[PDB]
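Working notes, beginning with the structure itself.
The chains referred to below are lettered A, B, ... by the order of the sequence lines, with proteins before strands, and numbering in each begins at 1. What's counted below: heavy atoms across the whole structure, side chains too, no hydrogens, waters or symmetry copies.
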Amino acid sequence: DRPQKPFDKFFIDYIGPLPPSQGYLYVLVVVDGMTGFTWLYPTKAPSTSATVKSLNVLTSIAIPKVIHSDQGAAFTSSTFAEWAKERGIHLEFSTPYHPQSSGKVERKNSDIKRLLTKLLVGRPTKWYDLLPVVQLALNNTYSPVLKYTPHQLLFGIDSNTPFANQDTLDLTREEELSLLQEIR
Amino acid sequence: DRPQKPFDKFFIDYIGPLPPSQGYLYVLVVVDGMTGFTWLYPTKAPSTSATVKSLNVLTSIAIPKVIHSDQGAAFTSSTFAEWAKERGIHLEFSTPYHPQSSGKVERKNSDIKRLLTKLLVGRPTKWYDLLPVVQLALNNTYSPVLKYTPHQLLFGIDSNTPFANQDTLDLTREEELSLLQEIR
Amino acid sequence: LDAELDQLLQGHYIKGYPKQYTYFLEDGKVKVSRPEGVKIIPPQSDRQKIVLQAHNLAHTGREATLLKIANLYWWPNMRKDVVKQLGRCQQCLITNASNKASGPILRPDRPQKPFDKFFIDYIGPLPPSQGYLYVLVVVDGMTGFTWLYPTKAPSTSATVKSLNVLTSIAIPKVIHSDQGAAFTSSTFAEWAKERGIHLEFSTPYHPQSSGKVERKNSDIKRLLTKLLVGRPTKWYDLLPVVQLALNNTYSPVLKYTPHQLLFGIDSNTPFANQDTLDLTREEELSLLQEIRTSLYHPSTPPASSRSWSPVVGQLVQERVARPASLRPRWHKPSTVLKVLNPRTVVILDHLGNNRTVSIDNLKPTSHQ
Amino acid sequence: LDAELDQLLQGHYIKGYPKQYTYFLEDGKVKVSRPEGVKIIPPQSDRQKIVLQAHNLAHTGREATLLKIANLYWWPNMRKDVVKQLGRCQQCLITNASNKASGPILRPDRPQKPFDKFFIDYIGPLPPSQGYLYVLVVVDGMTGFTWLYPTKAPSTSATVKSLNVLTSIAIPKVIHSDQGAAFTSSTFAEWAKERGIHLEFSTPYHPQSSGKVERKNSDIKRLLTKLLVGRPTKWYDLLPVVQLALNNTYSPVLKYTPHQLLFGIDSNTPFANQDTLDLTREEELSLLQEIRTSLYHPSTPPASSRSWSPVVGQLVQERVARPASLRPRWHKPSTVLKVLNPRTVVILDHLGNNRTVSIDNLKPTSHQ
DNA sequence: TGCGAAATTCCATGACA
DNA sequence: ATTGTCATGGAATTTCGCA
DNA sequence: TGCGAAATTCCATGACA
DNA sequence: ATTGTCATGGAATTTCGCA
Ligand SMILES: C[C@@H]1CCO[C@H]2Cn3cc(C(=O)NCc4ccc(F)cc4F)c(=O)c(O)c3C(=O)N12
Ligand SMILES: C[C@@H]1CCO[C@H]2Cn3cc(C(=O)NCc4ccc(F)cc4F)c(=O)c(O)c3C(=O)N12
Ligand SMILES: [Mg+2]
Ligand SMILES: [Mg+2]
Ligand SMILES: [Mg+2]
Ligand SMILES: [Mg+2]
Ligand SMILES: [N+]
Ligand SMILES: [N+]
Ligand SMILES: [Zn+2]
Ligand SMILES: [Zn+2]
């Protein structure tokens, strides 16, 4: 068999609803399987339309052979299927209630939700502006399994933004207490 | 002594009043002494100002060493003298009541007045438009004394308008009768 | 389709396909093992569509189109099929730039006599001066002698008024001009016919062709600029000064001023040449006729290494004159009817009108 | 005055005045009989005024000024006095064209890595499309990879929004741009500082300096034109198509597409190269690092025969950028402070500000 | 060890206001 | 304190297929 | 029948939208 | 059915002044 490559497979998923930010409520998350490279797109809804719109941006930079998703409505619509077929992209779904990716992608997605939560405290409404910095953090994050960041694996070079601090990512006792004030 | 040349001497004089044509009443007449070449300029009056204005046009093409005139007011004013001095032009006047030029210039001036009179009959008011054709006629007119037209003497070539007809210049019995109707 | 490629699989030689290579079937497709790797040999019946798909990704030329195709395919004489499609692609043909230079310029004979040929042109608009905005420039071809007229518009009507004043002096055989509206109107044509003046016209959008006068425009503007330094741009009153100044300026290659070439003797302007003071006028005119025939004349420069010169029957394309934003810079191909000279042609556009055009506003259609 | 010329009349030799000639008095003026005829020798004290009068007739250069003077006068070393005045004539100095070419262009080293240097620029205005009029173009120096953003104005604000989107991917060490208002604002400077991005600026009015991106502008407009043939100019929806199309087009001299140079492997776009299908990614990246260092690089062409190259202390003049109608095309002389490279200098204008400028927007002041 | 043709490389030309 | 570029398609040159 | 300097000629460069 | 031109100022080349 042939070694795994960038653009072989993109794993996509939605995250939200979030508190509104510049009118946006969700984040479409795209992770490259081989590299762990992440792309984030703000949407107003988890619809086929908002998905096509965001993926149009991404697929004007690189087109994956395969898109993998759960069986969310946005991804199982016949429109989204038409969209994929036009671009020669194979669609691939996990079985309902049984999500699967790879250890790498699962770990990456965990990081994304955790990094996000850490930042929407104190500023639940300002996450729109932080998406660029979130992605840079995630993509210049050392991989224990491989010796290399997603950046390094996608471009074959060191980045001009090395996040040298392996950061806390855990909530400090202050952040835990004021996050239980926004809900309760 | 040195042979006579073009631009050595310009002989100038006014002719008019004439019937109005495009608001003009006079013709300033300039004849080059050596060649007999004629330039005509319509003016509204025989003033120093109208003279300076017309000669400004001519002297932007060629400047004479000497201008010769009678003692008309336009030519004896101190303004006209200032004008000439600025351009390094010597002024020269005939004695009052005793006009003089050369046979050539006298003959030329006679032709001008005669050619003009012949044309302001039937059309006393349309002479403005005819000044170009008058000058071409006069300047492509064979000189009995020299073997050459003024055109030929000024430019050293044949003209593309040879006036091959040595014309009548005399009034026909019809023109004599209808010219005594405009006056009487 | 099936036919051609079948004899190949069983091991029989087909012209075009080199025999020293292993041809086979896999995944339901004919393949071959070439040094660069394994490529698919599509059936001839499929090849046009492939070249087209590759070309259309970004409407690339020969090599960039080939490089895409070679990624997946091999067949005999690929570039020939690529070039075939480039030659039929309307969008590439009318949009791409040319990469062949025009042949070297002509240096037409200087007119033999003053008044043989006038070159006329407008300059402007200029900053308003006494209500005037333009200058009519008239250059005698033989002498370079120049007349300047201020005007309010580059109208026929203003042109006629100015030339009536000028032709008072002498009538020229020919008047050469570009295709400005002032000069191509029927009113102007009648005005020329009336006086036995032949109107000659530049090929369109090719000011080189009015070069004699365009070049004098430069001197006019240049002297005007200098005279106006530090002052407001009141050029109207300077025209007569500039005219006189330029008609009496030496051309260093000729050693004569235009006034000298016209009259054979300086008027009473500063630093008048006094060399013929003892000759008769007749002797003076004789030296002048001589001087006029022996003036320096430049010759056609060497061709650039990649020039094209036109041939009867060639497909060529006319440059769009004022192309809109994001619109092609070239017209559809047209045919050379006649080669008037090596730099000028009549073409039949696709309409088809006869048009007379400069080679500079042409490219030879690529890929035949 | 009187002195110098007196010893000459009586027959004593003065240096400069050749002895084999007959010098005399006539009409109260010193004269001489030279082959070309009899000329007046004005007193030295009069010479400057004469040269000046001759020059001022039409602000002529060396020979055309000499030819006028020689008509009436002779003195030793006339051209030296002519050249002296040409060098002091403000109107000629700031108005005349240069007749020396710039030295040959530099071919700066290709940036070593993707993201080392971005080149940015605007195209537009364009026919309105979905309310948009401009395109921000971003070209990675190493790879040629390009990003396109539609905008309503060439504003800092629109630039910032677009680059926030782009830098999501990676942050470049350097951003090179021309001196458009969008890029030279303090707001844009802060935005760069915040991210550790160094702003590099083209010398002004020298788009060669942004060549990497200007050249990509051409490809963008060209493909847009082709795609829009026969249709209205709805370019907005085509930007993504063009971006993808160009980032995946081969450069025939490199044999690589910009996407290949950036990623070392094609994505799922038509005719994807399949040559590294059996390498590991790591092996693939190793071949990529190699490919990147061995790309073709052009070299400085031969100088033209009449080029000038700048020297510390030289008087030079900066080209006026947007000269008004009938106004000089050159600034007053200024001094070369430092030669940054053979095509770039710092000058002290007469104000004096330090300015960094292209040699292409300079001429060496004539006559020293 | 050398031929004819095909493939590849060279590079002038022009256009990014 | 900064600096030209590179697609294009004929022509020139090199390599291929064969012997 | 030859030297140094001055004069003249050559000609690339750029600009007439 | 028409077509480049020519001022400019350093450099190259020729001529001058002298012997
Ligand atoms: C108002 C800003 C700041 C001041 O300058 C202006 C005008 N400008 C002009 C060009 C231009 O002339 N491109 C043609 C071109 C010519 C030669 C070459 F080698 C490369 C080339 F692209 C631009 O491209 C450009 O971006 C600008 C621009 O941005 N500005
Ligand atoms: C509306 C008319 C009819 C159609 O064409 C236009 C535009 N045009 C353009 C130029 C011009 O581009 N001059 C610059 C130039 C460039 C190269 C060269 F070798 C000589 C040069 F003078 C003119 O001079 C000119 O007179 C006109 C004009 O009259 N018209
Ligand atoms: Mg014109
Ligand atoms: Mg013109
Ligand atoms: Mg710009
Ligand atoms: Mg630009
Ligand atoms: N000719
Ligand atoms: N460099
Ligand atoms: Zn095409
Ligand atoms: Zn001057």
Quiz prompt | Verdict with reasoning, D/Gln368 to D/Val83, per side-chain contact (heavy atoms from CB on, under 4.5 Å) | solution = CA-CA 9 Å; D/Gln368 319 214 343; D/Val83 172; over 6 Å; no
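- No hydrogens or angles considered: nothing links the side chains of D/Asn361 and D/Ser358 as a donor-acceptor pair under 3.5 Å.
- The six-membered rings of H/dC18 and H/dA19 are stacked by the 5.5 Å centre and 30° plane criterion.
- If you check the side chains of D/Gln179 and D/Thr184, you find no donor sitting under 3.5 Å from an acceptor.
- A north sugar is assigned to H/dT8: the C1'-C2'-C3'-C4' torsion is positive, on the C3'-endo side.
- You'll find a donor-acceptor pair under 3.5 Å spanning the side chain of C/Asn341 and the base of H/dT2, going by distance alone.
- With hydrogens and angles left out, the side-chain atoms of D/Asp360 and D/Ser102 include a donor and acceptor closer than 3.5 Å.
- Side-chain atoms of C/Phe119 and C/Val137, non-hydrogen and from C-beta on, never get closer than 4.5 Å to each other.
- In the set E/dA7, H/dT8, F/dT5, the nucleotide with an atom closest to the side chain of D/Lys212 is F/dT5.
- Of the candidate nucleotides H/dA7, F/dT8, F/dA7, F/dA7 has the atom nearest to the side chain of D/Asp219.
- Side-chain N/O atoms of D/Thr60 and D/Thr65 include a donor and acceptor closer than 3.5 Å.
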Quiz item: Which letter, B, S or -, goes with each nucleotide of nucleotides 9-17 of chain E from 5' to 3', with contact meaning a protein heavy atom under 4.0 Å?
Solution: B-BBBBBBS
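- Checked by atom type and distance alone, the side chain of D/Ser309 never pairs as donor or acceptor with a backbone atom of D/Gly103 at under 3.5 Å.
- The closest side-chain heavy-atom distance from C/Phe201 to C/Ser177 is below 4.5 Å.
- Distances shorter than 4.0 Å separate some side-chain N or O of C/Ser209 from OP1 or OP2 on H/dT3.
- With hydrogens and angles left out, the side-chain atoms of C/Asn96 and C/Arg329 include no donor and acceptor closer than 3.5 Å.
- For the pair D/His176 and F/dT3, the criterion of a side-chain N or O lying under 4.0 Å from OP1 or OP2 is met.
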Exercise. Go along nucleotides 13-19 of chain F 5' to 3' and tag each nucleotide: B for a protein heavy atom under 4.0 Å from its base, S when only backbone or sugar atoms are that close, - otherwise.
Key: ----SS-
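- For the OP1/OP2 pair of F/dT8 and a distance below 4.0 Å, the side-chain nitrogens and oxygens of C/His367 include no atom meeting the criterion.
- Relative ring orientation between C/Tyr122 and C/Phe183 is described as parallel, the plane-to-plane angle staying below 30° on a 0-90° scale split at 30° and 60°.
- For the pair C/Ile347 and C/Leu337, the minimum side-chain heavy-atom distance is 4.5 Å or more.
- The side chain of D/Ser210 places no N or O atom within less than 4.0 Å of a non-bridging phosphate oxygen (OP1 or OP2) of F/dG4.
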Practice problem: Could you provide the dot-bracket string of DNA chain E, using ( ) for intrastrand pairs, [ ] for crossing pairs and | for bases paired to another strand, with Watson-Crick or G-U pairs below 3.5 Å? | Solution: ||||||||||||||||.
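- Under 4.0 angstrom from either OP1 or OP2 of H/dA7 there lies at least one side-chain N or O belonging to C/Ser251.
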